[PDB]
Structure formats: structure tokens, C-alpha cells
Amino acid sequence: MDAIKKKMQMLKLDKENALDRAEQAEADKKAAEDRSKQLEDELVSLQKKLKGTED
Amino acid sequence: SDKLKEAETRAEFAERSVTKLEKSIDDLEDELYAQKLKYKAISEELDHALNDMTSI
């Protein structure tokens, strides 16, 4: 037939598109999270040196 | 009289035969009606699947 092929292929394409988009988003989320952790760690030391400077 | 009896017998057999043929054609017409219903139903189901898939 004809309809089954096109509908099935389009739906599998939709699933694959959503999956890859989710993977890209999660990768960027993990990278941003680690960079945020770095920012926290540096900010604490910045606060410590600021406190010493103020003393 | 003999010829009349012979002709009447053959005519009666002909009537019986045409009755049998009319019953047989009734049966086969009913069978064709059932198969036409089958095709109607299968085409309707295929259309239903088509509209469900096109409409998710």
C-alpha cells in the first residue's frame, strides 16, 4: 500500500527528532551545571579574599 | 390423450426446474450481498485507520 509507509516513516522520524533534541538539551544542561559549580567555587574564594581585604 | 399427458409431464418438470433455479439464484445473490457487505466494511475500516493516522 501507500499510507502505511509514509505515516510510519514520519512517526519514526518524529520520535528520532525528539530523542536527539532531548540529548542535545541534556548535554548542554550538564555542561552548564558544571560551569555553574565552577562559578560557585570561585565565588566563595572571591568572598574570602574580599573579607580579608575588608579586615 | 397420451400426447397431452406427455406434454403436461414435461411442463411440470420444467416448472420444478425453474423453481430450483430461482432458489439457487436467490442463494447466490444473498452470498454476493454478504461479500459486498464484507468489502464495504473492510473499505470503511481502512478509511477509519487512514483518518486516525492522518489525524493522530
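Look a little higher up for the structure.
Scoring rules and cut-offs
- Residues numbered from 1 in each chain as written, not as in the entry; some residues may be left out.
- Chains lettered and ligands numbered in written order.
- Part of a larger assembly, values for the part shown.
- Heavy atoms only, no water.
- Contact = heavy atoms within 4.5 Å.
- Buried area = accessible area lost by both parts, 1.4 Å probe.
- Salt bridge = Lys/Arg side-chain N within 4 Å of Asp/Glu carboxyl O.
- Polar contact = N/O pair within 3.5 Å; in protein donor to acceptor, adjacent residues only side chain to side chain.
- Nonpolar A, V, L, I, M, F, W, Y, C, P; charged D, E, K, R; others polar.
- Helix = DSSP H or I, 4+ residues; strand = E, 2+ residues; numbered from the N terminus.
- Expected span 1.5 Å × (residues − 1).
- Buried < 20%, exposed > 50% of the residue type's maximum accessible area, 1.4 Å probe, protein only.

1. Digging into the interface of chain B and chain A
Then, in step 1: Chain B puts four residues into the contact, and the matching count from chain A is five residues.
Then, in step 2: Between chain B and chain A the total buried area reaches about 300 Å² when both faces are included, carbon and sulfur atoms providing 88% of it.
Then, in step 3: Taken as a group, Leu-46, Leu-50 and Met-53 of chain B account for 84% of the area that chain B buries against chain A, more than any other trio of residues on that side.
Then, in step 4: Taken together, the connections running from chain B to chain A amount to zero salt bridges.
Then, in step 5: Our count for the contact surface shared by chain B and chain A stands at zero residue pairs in polar contact.
Then, in step 6: Broken down by class, the residue content of the side of chain B that touches chain A amounts to three nonpolar, one polar and no charged.

2. Remarks on helix α1 (residues 2-54) of chain B
Counting along an α-helix, one turn takes 3.6 residues, and residues three or four places apart therefore face a common direction.
Then, in step 1: Here α1 of chain B contains 53 residues, and its C-alpha end-to-end distance of 78 Å stays within 8% of the 78 Å for a straight helix at 1.5 Å per residue.
Then, in step 2: Just downstream of α1 of chain B, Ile-56 of chain B is the residue with a positive phi angle, here 60°.

3. Quick look at the pattern of salt bridges
Then, in step 1: This structure, assessed with the given rule, holds two salt bridges over all chains.
Then, in step 2: The partner of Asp-34 of chain A in a salt bridge is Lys-30 of chain A, and the shortest N-O contact between them spans 3.1 Å. In this pair, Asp-34 of chain A and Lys-30 of chain A are both assigned in helix α1 (residues 3-54), four residues apart and thus about one turn of the helix distant.
Then, in step 3: When its relative accessible area of 53% is taken as the criterion, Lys-30 of chain A is described as exposed.
Then, in step 4: Of the charged contacts, one joins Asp-27 of chain B and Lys-23 of chain B as a salt bridge, the two residues approaching to 3.0 Å between their closest N and O atoms. In this pair, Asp-27 of chain B and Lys-23 of chain B are both assigned in helix α1, four residues apart and thus about one turn of the helix distant.
Then, in step 5: The class for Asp-27 of chain B is partly exposed, based on a relative accessible area of 39%.

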